Structure formats: C-alpha cells, structure tokens
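Below you will find one chain, with nothing else, as structure tokens; this is the form deposited in one PDB entry, and questions on how it binds or moves follow later.
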C-alpha cells in the first residue's frame, strides 16, 4: 500500500498544498479560526438593517443602472484577483501548462467559479458569511430577508456550504479538490479531453488517498466530495436563472449602498 505510487501521490498532494498556500492567502484554517472565535485581531456582525448602518465605518467602498447588475459587475471585477490566484495555482498542477492553451483557458473559465464557491464555503457557517476581509460577518437570515431578488442571491450558496462544510475538509484536502475541479474533462469546448483526464485521474488518486489518510471517520468521503461538484455547478448555473429573475422583476430593486458593497465582496 505504501509503494512508489502512493509516495508520489503524497508528494503531489504536498506540492498542491504548498502551491495552494502560496496562491490563496485566505485559507479555510484562517476562516474557521475567525468563525469559531479564535482570532483576537473580531468581525462585526451585521444581522439586520440597524446593525448594517452601525457597521458603516467598517464597510470600505472600493469602486449599470440596475443595482443587481452593478453588484454582479462589481463582484466579478473584484473576483479577478481570485481568478488570477486560481490560475496561478493551476500552473502548479503537473501537466496543466502542457495542455492545449485553449483547453487551459476553458478549464479555468468554468472551474474558477466553482472554486470561488468552494472557497466561499470556508467563509460560511450556518449563521452567515465573513465579509470585508474577515472584518465583518453578514448573517445568512439577514441576507435571506432582503427584498427580492436579493434575498435569493446567497441562500443556495449557504445551503451548499452547510452540506460542503459538513465534510470537514481542511486546506490539504481542498488543495487537491480544487485541482480536480480544474481538470474536469466534461467542460464544453474542450479540444483534447484525454490529457485532461490523465491529469485528473492522477489528482483523483491523490485525492482518494488524501481523504483516506486524513478522514478515517468518513465513509465514502471521496464519493461525497465528488458529488459536491454537482452542487457547485448547480450554484454557478443558477446565476443564469438569477439574471432572468432580475430582468423580469418590476418591483422595487433598490438596495442599501452598504448592502450593495457587501454583495460586491460576495459571489
């Protein structure tokens, strides 16, 4: 069982973890420390409109006529850094940069959104989500209470995050999982699926071994984690449905400027 192959898979896992730590300053460990009240360096809780206004000093403004579209434009602009970090991470995946460059772009242009949601789950618990770079905490029920269609923006991400966070993955697990997401041979428009699957097969072996070594308590964790890719994709494609809801909405879609800024840090 501990043979040259398994050692190579552990080396791959370590390589990915190291690149992950280098590429992603916001780790799950850091997020969970905040969420479980361990960093004494502590987020202000925004749980209603009153606390929202009282948090005005802590929401820094960074920056369409539709508020929702402006939010999406802002968050997608703010996501560039994440996209660049994920792309940088992908370069560390053995074989990735040797793929047809079109396929690299295709893999990343689908994968980055799923990875952003995966990492967003690290910032979430059942109560809410860290915002303002770990400096604020926006409650899930406050977000859910906002007038349509805003109240529906984040709840499916929370529903996912609760189910995903129940897997108790750590950054070592996530480093490989994210690589498996990127090396998805099923993306539309892929030119050469087989070299992608060759890499993903290696990453999957590495992930399977990682999860066996790291989660003795979890039956079928590998399968359960792979099934979460279904939920991730669903969340991404739900954004298309949200856009249609927004264009059809004729009710008031005003939103407090601080909520707009908060949503722009979300995805």
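Numbering follows the first chain given and starts at 1. C-alpha atoms forming the largest set that superposes within 1.5 Å between two forms make up the rigid core.
Keep in mind that the form deposited in another entry is not shown, yet the notes after this line are about it.
Scan 27, 214, 51, 202 for the one whose CA shifts by 2 Å or more between this form and the one not shown after superposing the rigid core, and name it.
-> Among the listed residues, the one whose C-alpha moves by 2 Å or more is 51.
Align on the rigid core first; then say whether the Cα of residue 71 has moved by at least 2 Å between this form and the one not shown.
-> Yes, the C-alpha position differs by at least 2 Å between this form and the one not shown.
With both forms fitted on the core, give yes or no for whether the Cα of residue 146 moves by 2 angstroms or more between this form and the one not shown.
-> Yes, the C-alpha position differs by at least 2 Å between this form and the one not shown.
Over in the other structure, so in that other deposited form, do residue 189 and residue 73 pull closer or drift farther apart at the C-alpha level? The difference is 3 angstroms or more.
-> Here the pair is closer than in that other deposited form; there, farther apart.
Change in CA distance between residue 106 and residue 72 in that other deposited form, which is 3 Å or more, as closer or farther = Farther, not closer.
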